[PDB]
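Start counting the sequence shown at 7; every next residue gets the next number (PDB author numbering).
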Amino acid sequence: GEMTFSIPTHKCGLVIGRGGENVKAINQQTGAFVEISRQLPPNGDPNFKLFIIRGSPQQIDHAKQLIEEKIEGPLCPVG
């Protein structure tokens, strides 16, 4: 099951780069596809873009770690 994480819209330039650059490098490092979602977060606020780490748990969780390395902060599993 693909997992969703809360990615701040303002941080879409460090982890997301310009058009999802760094996120696909995460994929290469892991295996799961870290793709930008169109889902509304629990808060329904447009400053929190949901991010899809779609793959197998082992790949997702490892990619999660790499993103939490990018932002150097904890990501919350949403859905």
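We put the beta carbon where it would ideally sit given N, CA and C, even for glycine.
Query	Result
Per DSSP, what are the beta-bridge partners of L56 in this structure?	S12
Can you list, in chain order, the residues of its chain whose CB lies under 6 Å from that of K55, leaving out five sequence neighbours each side?	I13 and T15
I need the straight-line Cα distance from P48 to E27, nearest angstrom please.	26 Å
Can you tell which of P80, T10, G19 and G37 has the C-alpha that lies nearest to the C-alpha of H68?	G37
Can you tell me whether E78 is helix, strand or coil according to DSSP?	coil
Please classify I73: does DSSP put it in a helix, a strand, or coil?	helix
Strictly by DSSP, which residues pair up with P83?	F11
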